[PDB]
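Protein chains in written order, with the entry's author numbering: chain Y, 279 to 324; chain L, 1 to 27, 27A to 27D, 28 to 55, 57 to 105; chain X, 9 to 55, 55A, 56, 58 to 83, 83A, 84 to 96, 96A, 97 to 115; chain D, 1 to 173; chain C, 1 to 24, 26 to 173; chain B, 1 to 24, 26 to 173.
Where a beta carbon is used, it is the ideal one built from N, C-alpha and C, also for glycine.
Down below is the structure, laid out as structure tokens.
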Amino acid sequence: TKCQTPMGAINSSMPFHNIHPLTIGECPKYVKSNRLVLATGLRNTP
Amino acid sequence: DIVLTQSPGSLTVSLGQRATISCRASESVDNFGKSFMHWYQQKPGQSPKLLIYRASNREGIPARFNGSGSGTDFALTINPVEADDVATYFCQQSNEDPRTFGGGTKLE
Amino acid sequence: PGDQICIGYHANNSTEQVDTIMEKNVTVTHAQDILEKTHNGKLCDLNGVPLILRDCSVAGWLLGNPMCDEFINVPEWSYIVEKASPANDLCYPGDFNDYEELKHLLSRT
Amino acid sequence: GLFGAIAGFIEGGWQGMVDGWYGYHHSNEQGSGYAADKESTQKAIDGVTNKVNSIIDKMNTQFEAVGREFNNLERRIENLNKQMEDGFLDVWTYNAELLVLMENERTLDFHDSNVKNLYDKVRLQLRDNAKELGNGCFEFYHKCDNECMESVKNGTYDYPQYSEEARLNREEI
Amino acid sequence: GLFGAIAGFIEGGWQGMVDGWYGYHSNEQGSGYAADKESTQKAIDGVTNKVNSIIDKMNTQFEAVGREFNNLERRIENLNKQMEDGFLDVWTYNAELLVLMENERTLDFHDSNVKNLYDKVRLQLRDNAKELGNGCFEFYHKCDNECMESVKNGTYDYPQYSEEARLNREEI
Amino acid sequence: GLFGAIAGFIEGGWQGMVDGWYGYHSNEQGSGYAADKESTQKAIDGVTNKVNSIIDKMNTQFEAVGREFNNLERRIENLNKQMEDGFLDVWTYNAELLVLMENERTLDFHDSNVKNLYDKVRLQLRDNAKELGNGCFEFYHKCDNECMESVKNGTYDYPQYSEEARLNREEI
Ligand SMILES: *[C@@H]1O[C@H](CO)[C@@H](O[C@@H]2O[C@H](CO)[C@@H](O[C@@H]3O[C@H](CO)[C@@H](O)[C@H](O)[C@@H]3O)[C@H](O)[C@H]2NC(C)=O)[C@H](O)[C@H]1NC(C)=O
């Protein structure tokens, strides 16, 4: 792996992760969120 | 296949001098910034032994062994040469299956 | 009866929802997840290079606890793995002075 | 939204337009069909893409937690160290969450604004040569063939060319 | 403001409308104020969610802890103080700025709701009424209380009044 | 931009207007540029307060302090370093982001001031002039310099020109 945490390794291109704060290697930035999703498109109609 | 060719085939060096064994890879064995070359020592009449991993760092191995090189060609340097160094030395690459070894170089 | 032109905007079968200050769960046509939530549940090698102490502690390793023979001559490591409360520490009881400062030095090695 | 277009005076989007975000639906004698305004769509794509890339860029100097060990008589600095780590983790989580919430809101209003501008782009060209139906549609006071439709779509409408036949059609009404 | 309505082309608010933020008439049956329930409720929901979101985003804020140190721990004492003040200053900035920024957006949000309400009526009336340019539309036809109610709930039947409107435009 | 005016329906700025940011004519007495003093001063006040508010919000920023440690204090040395870099990185983000965000709002603020200025004139002129659709209104009557000045200071007497305008519309 390229990024390791005490719970397991990370294979991701996400800029954020919520696996565990203590990591080593090229890693996403840890955050305490359950969810981080950006709107890119527009408001969808039903 | 990454054909590994060692040179010279047999090397006789005076005691207390410098043995210089070369390795040449058909294609590079060298990405992630590190070289994935390894040197092995087979003292006569027994299984091979690990000397150098990723081309430069020693595994309980005396400093007399200088792992050097990058890319397509490398070199195991034994200096000073001691008595218990009679062996055939092998370089093997791990950069890409199938794992391939050198012909091997016998030291006298 | 007459020719006409209309201005309008895209829509699709997306169910992806997104949050804002004034509104929650806003279905949107396109969204990008930027939070990674999965790992392989395993300790792994780091860029082709770890020293796993198993049931040994750093003290046990460095002082040479006889139950720690696996590590008599360990190769280069990427990172070091130690259990929370390893069994094989100081087999003969006592103390390791400035132990934490020694673990710190290790972590830079 | 902020600009009254998306889910506003234009009540609904078109499943039918698929080659872009904003565009036109025309209807003449030669037939009807959807078409995306390539220009305003590309502008929005560039804007949103730069936005996404800017958000990810601004976060490269974020805090990175480091393992540190302490003994039973170092409980104070252990706790200080923990508070420091959680401290920054909480700050940066706020920063990421808030940034996403704020720019999401601006993004939705950005699309709303691109649409309202597109509508105005057509309106300011057509003037009295067409009637504002008030739903995003303009009913023409003259004949608009496919080539005429294309001139409205690429901002080359020749208002005075149709001015007379438009004016005459307005006045029998 | 940003959208030209509040303190803009509509120069002033009405003390008289009290059942809402935004709203509307004057015909033969008489005049009176009325709030647009829909746009008002939308704004109330938006602002309320905004307030609740601001208070929500702050639950993981820094909390200072008492810690004691002796005369030979002045360095970590000071480090600890800088750390505490450090976070206190950050979170004070975050609260102050968030309030300033969302206040500005809130005022413009109301401005936008109003401008949208005006446009909602305008796009219905079209040539059936005249834009006085002050938030008022003068009708080209008779608009009884039920007609007033259709404009207010978005069910104006434009073509029903189209003819009597057109005739009244043309003697003008 | 957000409001469709700057680099929008008004495609380009005027090198010629130099006494302000936003402004205005062409009649028989001659043509010339003039800045709308009111909307310009409002924008100047807004931007100046904005700049001053940004610099103000940053006075309680982190200030790094020299601290020394020995070979057996490597842990708190590192803790201290992480703390300092920690705050330096936070405040650098805060300054960079604040500037990026308020820059974007500033450009759209100008766009909005312009679009409001155009609407200010439009709502005065009504059918007394024709929207050319490029920021210009072609008059349906004679507008001398004093008339030009009434449009510019919001005192246009619409009904005074109403009749001569209406007559000129109808031969068209
Ligand atoms: C967006 O909508 C989703 C889907 O409704 C929301 O997530 C849902 O939230 C409800 C609570 O309102 C969850 O119900 C909970 O389920 C647990 C399961 O153990 C149970 O104890 C109770 O039934 C409890 O109420 C529900 O599981 C959850 N669904 C999913 C898929 O996560 C979410 O809240 C909405 N987002 C916002 C901002 O409102």
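The count of Cβ pairs closer than 8 Å, one atom from the stretch 53-64 of chain B and one from the stretch 89-100 of chain B, reaches three, so the stretches are in contact. With respect to chain D, the C-beta atom of Y:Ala317 has a partner C-beta closer than 7 Å. In this structure, C:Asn60 has its CB at a distance of at least 6 Å from all heavy atoms of ligand 1. Boundaries of the beta strand (DSSP E) harbouring C:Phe140: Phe138 to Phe140, taken from the DSSP string.
At least one heavy atom of ligand 1 falls within 6 Å of the beta-carbon of X:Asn33. Among the residues facing chain X, L:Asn92 is not included, as its CB has no counterpart in that chain under 7 Å away. Contact between the stretch 1-14 of chain C and the stretch 108-122 of chain C is present: 3 or more CB-CB pairs across the two stretches fall below 8 Å.
Between L:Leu15 and the set L:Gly9, L:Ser27A and L:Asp81, the nearest pair of CA atoms involves L:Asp81. Of the residues assessed, L:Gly57 falls on the exposed side of the cut-off, its CB having fewer than 16 other CB atoms within 10 angstroms. Cβ contact annotation for X:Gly55A (same chain, cutoff 6 Å, sequence separation greater than five): none. With contact defined as three or more Cβ pairs closer than 8 Å, the stretch 80-91 of chain B and the stretch 76-87 of chain C are in contact. Cβ proximity to chain B below 7 Å picks out nothing from the stretch 118-130 of chain C. Counting only residues of its own chain and dropping the five nearest sequence neighbours on each side, L:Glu93 has a CB closer than 7 Å to the CB of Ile2. Judged by their CB atoms, Y:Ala317 and D:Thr107 are nearer to each other than the 7 Å cut-off.
Taken in chain order, the whole alpha helix (DSSP H) runs of length 4 or more contained in the stretch 36-87 of chain B are 38-58.
Using a Cβ-Cβ distance cut-off of 8 Å, the stretch 124-132 of chain B and the stretch 40-54 of chain B are not in contact, since fewer than three pairs of beta carbons, one from each stretch, lie closer than that value. In terms of CA proximity to X:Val88, X:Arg62 leads the group X:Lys45, X:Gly72, X:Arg62 and X:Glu78.
For the stretch 280-293 of chain Y, the residues whose beta carbon sits under 9 Å from a beta carbon of chain X are, in order, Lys280, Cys281, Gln282, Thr283, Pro284, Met285, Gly286, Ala287, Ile288, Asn289, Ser290, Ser291, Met292 and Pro293. Below 8 Å, enough C-beta pairs join the stretch 83-93 of chain L and the stretch 34-42 of chain L to call them touching: three or more. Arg76, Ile77, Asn79, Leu80, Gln83 and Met84: these are the residues of the stretch 70-85 of chain D whose beta carbon lies less than 9 Å from some beta carbon of chain C, given in chain order. The criterion of a C-beta distance shorter than 7 Å is not satisfied by X:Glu44 and Y:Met285. Annotation: the continuous alpha helix (DSSP H) that includes C:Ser163 extends over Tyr159 to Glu171. Taking a Cβ-Cβ threshold of 7 Å, the residues of chain Y close to D:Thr93 are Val309, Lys310 and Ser311, in chain order. Note on geometry: alpha-carbon atoms of D:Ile45 and B:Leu101 lie some 19 Å from one another. X:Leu54 is not a Cβ neighbour of X:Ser92, given a cutoff of 7 Å.
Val34, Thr35, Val36, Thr37, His38, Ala39, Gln40, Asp41, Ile42, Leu43, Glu44, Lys45, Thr46 and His47: these are the residues of the stretch 33-47 of chain X whose beta carbon lies less than 9 Å from some beta carbon of chain Y, given in chain order. Taking 7 Å as the cut-off, the Cβ atoms of X:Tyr17 and D:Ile173 do not count as close. Between B:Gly87 and D:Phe88, the C-beta spacing is below 7 Å. In this structure, the alpha-carbon of L:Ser31 lies about 49 Å from that of C:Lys58. Rounded to whole angstroms, the separation of the alpha carbons of C:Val18 and D:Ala36 is 45 Å.
Our two residues, X:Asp27 and D:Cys144, have alpha carbons roughly 43 Å apart in a direct line. Chain order gives the chain B residues near D:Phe88 as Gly87, where near means a beta carbon separation below 7 Å. Residue contact with chain B for D:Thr61: present (Cβ-Cβ distance below 7 Å to some residue of chain B).
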